[PDB]
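In: Fold the following for me, if possible:
(chains A and B, ligands or ions: 7)
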Amino acid sequence: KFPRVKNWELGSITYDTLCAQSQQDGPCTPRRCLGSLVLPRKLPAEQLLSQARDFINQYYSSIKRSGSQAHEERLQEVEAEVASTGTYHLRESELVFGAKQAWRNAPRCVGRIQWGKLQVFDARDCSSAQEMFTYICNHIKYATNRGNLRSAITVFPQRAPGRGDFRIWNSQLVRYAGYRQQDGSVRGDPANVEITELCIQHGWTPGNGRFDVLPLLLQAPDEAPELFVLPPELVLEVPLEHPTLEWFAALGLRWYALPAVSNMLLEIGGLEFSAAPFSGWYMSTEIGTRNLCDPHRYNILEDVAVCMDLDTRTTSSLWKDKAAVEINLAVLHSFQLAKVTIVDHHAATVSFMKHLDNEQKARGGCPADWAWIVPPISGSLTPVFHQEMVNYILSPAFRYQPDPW
Amino acid sequence: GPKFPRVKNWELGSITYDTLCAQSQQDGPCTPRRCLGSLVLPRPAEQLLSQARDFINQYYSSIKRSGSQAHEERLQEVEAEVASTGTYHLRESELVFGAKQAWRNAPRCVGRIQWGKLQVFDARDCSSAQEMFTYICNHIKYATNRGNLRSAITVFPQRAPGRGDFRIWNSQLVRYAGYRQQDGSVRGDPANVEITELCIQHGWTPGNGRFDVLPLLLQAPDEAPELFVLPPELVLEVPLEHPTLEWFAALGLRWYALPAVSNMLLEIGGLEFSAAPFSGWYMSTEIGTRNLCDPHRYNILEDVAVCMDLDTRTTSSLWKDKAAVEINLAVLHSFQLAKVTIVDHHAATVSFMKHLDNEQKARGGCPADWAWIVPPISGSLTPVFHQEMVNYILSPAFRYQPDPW
Ligand code: HEM
Ligand code: HEM
Ligand SMILES: Cc1ccnc(CCCCCO[C@H]2CNC[C@H]2Cc2cc(C)cc(N)n2)c1
Ligand SMILES: Cc1ccnc(CCCCCO[C@H]2CNC[C@H]2Cc2cc(C)cc(N)n2)c1
Ligand SMILES: C[C@H](O)[C@H](O)[C@H]1CNc2nc(N)[nH]c(=O)c2N1
Ligand SMILES: C[C@H](O)[C@H](O)[C@H]1CNc2nc(N)[nH]c(=O)c2N1
Ligand SMILES: [Zn+2]
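Out: Numbering: from 1, shown residues only, chains lettered A, B, ... in the order given. Ligands and ions are numbered 1, 2, ... in the order given. Please see the structure below:
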C-alpha cells in the first residue's frame, strides 16, 4: 500500500508514508517509468483556497500552534482575501517557512541536510528591474561572504492575474558566455550560447574569452528586460590548479564560487514566485565532472589526458576515468586553497544518508530522485547508490517554468 | 507532439518518441503519485491462452507470415492443446525466438546489441538432476570456449500443473563461497553466505579460502536437490594483476570468466521455464567496481588505497575514486592478457547507444532501466548518462522468482 524502501549495503528497510501527502502527479504510470526524464512533458478559487489552507495548516503545525486562535484567524484572513480578490499574500514568517520547506522537499538536491539554514530576503516590495538588480547584488554579497558561503534565497513579487511576471532571464546569477563561431564550434560555455546572444542583442558588448561573466537580464512586468553588469568584485572566482601536476594551472581553467539558480519558480500555498533565486555551495563533481568534462560543456577530458600523456587510443586504458579524477581533485584542491566552501561527493552523499534518516523520523519519508542524487563519477562508491528512493512532488516546491522569450 | 513519451538525448540534442511501450501487457511499480524506478525488486486457462496467442502472433510477425495459413493453424493448434491439457508446448524455433526476444526485452541489460547472437541449447528433454549437470557442463564448455566467450542459454522443462519445478539453487553457475566467521566477519563473497550454508547442509565439505568455487545444488521435480562439484578445468578464472603497479598481483585477487545467471525465470507465451540459465561476458565494472569494491562484497578499496599510499583519512583526497580506477584497470588488463573476452564500460555503453538507435528503427523504442544501464563508476563520462530512457515490461521476459528453499 505504501512503498517498502531498502538499503542494499546495510540490509535495512523503511516504509515511505510521506508520499501519501502528494497531490501533484509525476510523469510515471504503471505501464511505463519516466523517472529518468529531465523535464515534464507539461511545459481557480476553490483550488487556490485548498492549497492555501493546507499550507497555513503546515505553518501553524511547524510552530506547534496548530488549532490555536491565531491559526483560526489566519485561515479567516486567507479566505476573506481570496473570496474578494481571487488571491492573497503571505506573512514574512510564512514565506520564510515556505522557502525552507520547498528546499526540504526538492527531490533532486543532495544538499538537503542544510535545509533548516537558509537566509530569506523578502524582495516583494520590488517594482523595477533596477530594484531587482540591487536586491540581487545584496544576495550575492551576503551569500558569498568572502568564500564562507551561506545559503540564501531572495523572493521577488509573486505572479498576479493581470500582468507579466518578474523574471530573471539568466538560468544562474553567474554564467560564462558561450560565443558561437563561424565554423559552428563554441568559445566558452556551450550551455549559455542562447543567453549570451540575448545579452548581445539587448546591447551588451561581448568579450572574446572562455570565461567572460555574463550580464544579467532582468525583467519587471510587461517591460523589456534590462541589462546589468555585475561588478567584477562581487563575483568570486577560483583559478584551478592541481596539487601535484604543475602544468594544470597552465590550462587557465577557473570556476565561480557561487551556484545561484535563478530560473525556477517557487510555489508556496498556491502562490507563485516566478523570480526567487537561491544559492548554496557547489559539490565538486558539478564543476569537476559535469561543467568541465561533459562533451557538450567545456569538454576538457582529452586535453587533460594528453597533458597527462595518457594512452588516448583505446577506451580500455581508462584514460577518461583517470583524467576526470584528476580534474575533480584539482577543483577540490583549488577551492580549499582559495578558502571557498565546497563539498566533495563522498562527504555530500554521507550527509544525505544522515538527512534520509532524519526525515524518516520527522516526516516518515523523503522524496528523492535517485538519478540526480547519485553523483556523476564513482556512483557505487557512494552510499546513496545502494539506497532505494521514492520520488514524488510535495508542496511547497521549486518548479521549472518556461523561458520568458 | 505525438501521444507517446518523448525521449531526449541531452548530449546530442536529438529527440525520439517511444511507441513500443504500447505493447506492454504488464504493470511496473510506478504510479502518477510516486516513482519507484530505483527499487531492485518488484513484488490459468483464459489468461494463458491470450498470452500464448500474443507470443504466436509475435513469432509469425518475426518471420513475416503474419495472417498466413501456418499462422492461423498454429493458433488453432495452441488453443486445442490448451483446451484439452491446460498447457501447450513450443516448437523448437519458437523457443529460440522467444529466448532471444526475452534478452532483447531485458531493461537492465547493457549488452543487448548482441541479442541476435545467442546459442539456444534446448534441454526440455531433461529428466533428472544428474542430466541437468551434464547439460550445464556442456553449456559452460561451449560458452567459455577457452576464453573466446559465446553467449548461450540452456532451457530445461517448463513448469507443469501441480508437478514440481526444475530449479538451479545457485544464483549463478560460478559463485565463490562466503564463510561466516566466529567474529561475525565473512571470508570470501558475502553475497553467497546463504547458498554456501545450504551447500554445507546438503553434504558439501567446505574449504577456507577467499575464492572457493561453490558446488551446484540442482533440483529435478519433487526431488530434494542434489549436489554437484564443477570439475575445476571447466571453471576458467583470471588471476588479477595491474599493468604498472607490480604489487597488485601479490594481492591474490581473481575472478571467473563466465557470468551465468541461473536463478531467473524465462517466460514465453505464458509458459514458464524456471530453470533456464544464460551467460554472456562481463562488463569490467561488474568485477572491478561492484564485486571487488562494494562495502558488502569483497570491500578491497581501503587495502588497495593503502598499497597505493593514498590519504584514506579524508574523503577529499579522492582516494576511493583513484583506487577504484586502478582496480578496474587491473581487471581489464588481466582479462586481456589472459585472452578472456571482457568489455569496458565505455565500449559497452557506446554499443548500447547503437542498440538504442537500431531498436528505434526496428520497433519504435527500447525498454531500459537508466539506474542499471549507467555504469557504477564514471557515469556521466559515458553517453548513456545523457540519454533519457523509458522502462516497461515486455514479454517474452526474464523475471525474478522466489528461492526454492
Ligand atoms: C547548501 C549547499 C547545497 C548543496 C551542496 C547542494 C547540492 C545540490 C546538487 C549537487 C544539485 C544537483 C545540481 C546539478 O546536477 O546541476 C542540487 C540541485 C538542487 N538544489 Fe541543492 N544544494 C545546496 C543548497 C540548495 C539550496 C539553498 C536550495 C534552495 C533553497 C537548493 C535547491 C535545489 C534544487 C531545487 C535543485 C534542483 C535544480 C534543478 O532541477 O535545476 N539546494 N543541489
Ligand atoms: C553478451 C555479453 C553481455 C554483457 C556484456 C551484458 C551486460 C550486462 C550487465 C553489465 C548487466 C548488469 C549486471 C549487474 O549490474 O550485476 C546485465 C544484466 C542482465 N542481462 Fe546482460 N549482458 C550480456 C549478455 C546477456 C545475455 C546472453 C543475456 C540473456 C540471454 C542477458 C540478459 C540479462 C538480464 C536478464 C540482466 C538483468 C539481470 C538481473 O536483474 O539479475 N545479458 N547485463
Ligand atoms: C543551490 C545549488 C547548489 C548546487 N548547485 C546548484 C546549481 C544547479 C544547476 C542545475 C541546472 O540544471 C539544468 C542543466 N542540467 C540539467 C538542467 C535541469 C534544469 C532545467 C530547467 C528548465 C531549469 C533548471 N533550473 N534546471 C545550485
Ligand atoms: C549474462 C550476464 C552478463 C553480464 N553479467 C551478468 C551477471 C548479472 C548478475 C546480476 C545479479 O543481480 C543481483 C545482485 N545484484 C542485484 C541483484 C538483482 C537480482 C535479484 C534477484 C532475486 C535475482 C537476480 N537474478 N538478480 C550476466
Ligand atoms: C538523462 C538523465 O536523466 C540526465 O542526464 C540526468 C542524469 N542525472 C543527473 N543528475 C544530476 N545531479 N544532474 C543532472 O543534470 C543529471 N542529468
Ligand atoms: C538501489 C539501486 O536501485 C541499486 O543499488 C542498483 C542501482 N543500479 C544498479 N545497476 C546495475 N547495473 N546493477 C545493480 O546491481 C544496480 N544496483
Ligand atoms: Zn518511475
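In: Would you map the strands across the stretch 51-200 of chain A?
Out: A:119-122, A:152-155, A:167-168, A:178-180, A:186-188 (DSSP state E, counting those that start in this stretch).
In: could I have the second one exported to CSV, CA atoms only?
Out: Output for strand A:152-155, consisting of C-alpha atoms alone and laid out as CSV, is shown next (Å, rounded to 0.1, in the frame of the first residue of the first chain):
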residue,chain,number,x,y,z
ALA,A,152,20.3,32.2,0.6
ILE,A,153,17.1,32.9,-1.4
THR,A,154,15.7,36.3,-2.5
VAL,A,155,12.0,36.3,-3.3
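In: Do any residues in that strand lie close to ligand 3?
Out: No: figure legend: strand A:152-155 not in contact with ligand 3 (C-beta under 6 Å from any ligand atom); closest approach 9.2 Å. The C-beta positions use only the backbone N, C-alpha and C, and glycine is treated the same way.
In: just how off-centre is that strand within its chain?
Out: Relative to the centre of its chain, strand A:152-155 is centred 12 Å away, using C-alpha atoms, centre = their mean, to the nearest Å.
In: Please apply the same query to the last one.
Out: Here strand A:186-188 is found 24 Å from its chain centre; the criterion is C-alpha atoms, centre = their mean.
In: same thing with the third one?
Out: Strand A:167-168 sits 15 Å away from the centroid of its parent chain (C-alpha atoms, centre = their mean).
In: Residues contacting it, please?
Out: With contact meaning C-beta atoms under 8 Å, 6 or more residues apart in numbering or on different chains, strand A:167-168 is reached by A:132, A:136, A:216-219, A:225, A:262-263, A:274-275, A:277, A:404.
In: out of the residues you listed, which are inside strands?
Out: In strands, defined here by DSSP state E, the members of the contacts of strand A:167-168 are A:216-219.
In: Kindly reformat the residues you listed as a markdown table and extend each row with distance to residue A:149 and neighbour count.
Out: As requested, the ones in strands among the contacts of strand A:167-168 are exported to a markdown table (distance: C-beta to C-beta, whole Å; neighbours: other C-beta atoms under 10 Å in any protein chain shown):
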| residue | distance to residue A:149 | neighbour count |
| --- | --- | --- |
| A:216 | 20 | 24 |
| A:217 | 25 | 23 |
| A:218 | 23 | 27 |
| A:219 | 27 | 21 |
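In: Any chance of CSV for those residues, columns distance to residue A:169?
Out: Shown next, in CSV, are those (distance: C-beta to C-beta, whole Å):
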residue, distance to residue A:169
A:216, 8
A:217, 4
A:218, 7
A:219, 6
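In: Tell me which two of these sit farthest apart.
Out: Using C-beta to C-beta, the pair of those lying farthest apart is A:216 and A:219, separated by 10.1 Å.
In: Now list whatever residues contact both of the two.
Out: The contact lists of residue A:216 and residue A:219 share A:168-169, where a contact means C-beta under 8 Å, 6+ apart.
In: Look up which helix or strand the closest residue to ligand 5 within chain A falls in, please.
Out: As assessed by C-beta to the nearest ligand atom, ligand 5 sits closest to residue A:372 within chain A, at 3.8 Å. Assigning secondary structure by DSSP states H and E places residue A:372 in helix A:370-373.
In: The stretch 1-150 of chain A: helices as residue ranges?
Out: A:45-62, A:69-85, A:92-104, A:129-144 (DSSP state H, counting those that start in this stretch).
In: With the stretch 201-350 of chain A instead?
Out: Assignment of helices within the stretch 201-350 of chain A using DSSP H, counting those that start in this stretch yields the ranges A:284-285, A:292-293, A:301-307, A:319-337, A:345-363.
In: Make TSV out of those helices and add mean neighbour count and distance to residue A:235.
Out: Below are the helices of the stretch 201-350 of chain A laid out as TSV (neighbours: other C-beta atoms under 10 Å in any protein chain shown; distance: least, C-beta to C-beta, whole Å):
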stretch	mean neighbour count	distance to residue A:235
helix A:284-285	26	19
helix A:292-293	25	19
helix A:301-307	18	25
helix A:319-337	23	15
helix A:345-363	18	24
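In: In space, not sequence, find me the middle residue of chain A.
Out: Chain A has residue A:261 as the residue nearest its centroid, 5.0 Å off, counting by C-alpha atoms, centre = their mean.
In: That one against residue A:280, yeah?
Out: No: here residue A:261 lies out of contact with residue A:280, judged by C-beta atoms under 8 Å, at a distance of 9.4 Å.
In: OK, contacts around the residue of the stretch 51-200 of chain A found nearest chain B?
Out: Closest approach of the stretch 51-200 of chain A to chain B (C-beta to the nearest C-beta) occurs at residue A:107, with a separation of 9.0 Å. Contact partners of residue A:107, counting by C-beta under 8 Å, 6+ apart, are A:367-369, A:372, A:391-393.
In: Give me the domain ranges for chain A.
Out: For chain A, the structural domains run A:16-124+A:151-161+A:265-279+A:349-373, A:125-150+A:165-236+A:400-404, A:237-259+A:282-347, going by curated CATH domains.
In: Looking at the ones you listed, which is nearest to residue B:361?
Out: Minimum separation from residue B:361 across the domains of chain A (C-beta to C-beta) falls at domain A:16-124+A:151-161+A:265-279+A:349-373, 20.1 Å.
In: what distance separates that closest one from the centre of its chain?
Out: 15 Å.
In: Between its first and last residues, how far does it reach?
Out: By C-alpha to C-alpha, to the nearest Å, the extent of domain A:16-124+A:151-161+A:265-279+A:349-373 from end to end equals 18 Å.
In: Can it be said to contact ligand 6?
Out: No: remark: domain A:16-124+A:151-161+A:265-279+A:349-373 sits outside contact range of ligand 6, by C-beta under 6 Å from any ligand atom, the gap being at least 6.5 Å.
In: so which residue of the stretch 1-150 of chain A comes closest to ligand 2?
Out: Closest contact between the stretch 1-150 of chain A and ligand 2, by C-beta to the nearest ligand atom, is at residue A:8 (11.7 Å).
In: In contact with that residue: list those residues for me.
Out: Residues near residue A:8 by C-beta under 8 Å, 6+ apart: A:386-388, B:40, B:296.
In: give me that answer again for 10 Å
Out: The contact partners of residue A:8, by C-beta atoms under 10 Å, 6 or more residues apart in numbering or on different chains, come to A:385-388, B:40, B:294, B:296.
In: and the two most separated of those?
Out: A:388 and B:294, at 15.6 Å, using C-beta to C-beta across the contacts of residue A:8.
In: So for stretch A:7-18, what gets flagged as buried?
Out: Within stretch A:7-18, the residues that qualify as buried are A:7, A:9, A:14, A:16, A:18, counting by 16 or more other C-beta atoms under 10 Å in any protein chain shown.
In: Which residues are in contact with the last one?
Out: So that's residue A:18. Neighbour list for residue A:18: A:2, A:105, A:359-360, A:362-367, A:390, A:392, A:394, B:34 [criterion: C-beta under 10 Å, 6+ apart].
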